[PDB]
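A look at the structure
Below are the chains, spelled out letter by letter.
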Protein chains: 2
Amino acid sequence: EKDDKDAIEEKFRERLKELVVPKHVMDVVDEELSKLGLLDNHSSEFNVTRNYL
Amino acid sequence: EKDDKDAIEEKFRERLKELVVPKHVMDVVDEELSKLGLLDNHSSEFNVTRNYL
């Protein structure tokens, strides 16, 4: 289930609201959020996605 | 025998019980323990994290 991940990624979003993130960063942030939802976050390449995020 | 992950997890927990594990170290152990259960028993990655654990 992605409900636990949805809560985890939401915690990342709320802290992001306290800083004025540049628009160019949003493209990487949004694509990493999408990549986070399509991966189980348990693998060699799965962990680096949240690590980058 | 019983489940390998359950036996491995129980034995590793007892070893960490005596030591005053730091907060960040505990998170690293906890996250790899969760991925240990879902990993295949004969998988090569299973041995990699088992030695790391």
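- This entry lists cryo-EM as its structure determination method and reports a resolution of 2.75 Å.

What to know about the overall build of chain A
- Helix and strand counts for chain A come out as 3 helices and 0 strands.
- Reading the helices (α) and strands (β) of chain A from amino to carboxyl end gives α-α-α.
- Overall size of chain A, expressed as C-alpha extent along the three principal axes, is 30 × 20 × 15 Å.

Focus on the layout of surface pockets
- Its boundaries defined by the atoms lining it, the largest pocket holds a volume of some 480 Å³.
- Around the largest pocket, the lining comprises 19 residues; the ones closest to its centre are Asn47 and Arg50 of chain A together with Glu31, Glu32 and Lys35 of chain B.
- Among the elements of the structure, α1 (3–16) and α3 (44–52) of chain A together with α2 (23–38) and α3 (44–52) of chain B are those that each provide at least two residues to the lining of the largest pocket.
- No other element matches α2 of chain B, which puts 6 residues into the lining of the largest pocket.
- Of the residues belonging to the lining of the largest pocket, the class tally is 6 nonpolar, 7 polar and 6 charged.
- Taken as a whole, the second largest pocket spans an internal volume of roughly 220 Å³.
- Forming the boundary of the second largest pocket are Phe12, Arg13, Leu16, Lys17, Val25, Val28, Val29, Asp30, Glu32, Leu33, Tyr52 and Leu53 of chain A.
- Looking at the lining of the second largest pocket, the elements that each hand over two or more residues are α1 and α2 (23–37) of chain A.
- Sorting elements by how many residues they give to the lining of the second largest pocket places α2 of chain A first, with 6 residues.

Describing the pattern of salt bridges
Residue and element names in this part refer to chain B.
- Counted by the stated rule, this structure contains 6 salt bridges over all chains.
- A salt bridge links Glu9 to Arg13; the shortest N-O distance between them is 2.8 Å. With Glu9 and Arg13 both in helix α1 (residues 4–18) and 4 residues apart, the pair spans about one turn of that helix.
- For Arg13, the salt bridge is made with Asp30, and the minimal N-O distance between the two is 2.4 Å. With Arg13 in helix α1 and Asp30 in helix α2, this pair connects stretches of sequence that are 17 residues apart.
- Among the ionic contacts, a cluster of salt bridges with common partners joins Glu9, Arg13 and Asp30.

Conventions we followed
Residues numbered from 1 in each chain as written, not as in the entry; some residues may be left out. Chains lettered and ligands numbered in written order. Part of a larger assembly, values for the part shown. Heavy atoms only, no water. Helix = DSSP H or I, 4+ residues; strand = E, 2+ residues; numbered from the N terminus. 1 Å grid on protein atoms, 1.4 Å probe; cavity = no way out; pocket = protein on both sides within 12 Å on 5 of 7 lines; lining within 4 Å. Points joined across faces, edges and corners; volume = space filled by probe spheres on them. Nonpolar A, V, L, I, M, F, W, Y, C, P; charged D, E, K, R; others polar. Salt bridge = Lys/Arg side-chain N within 4 Å of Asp/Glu carboxyl O.

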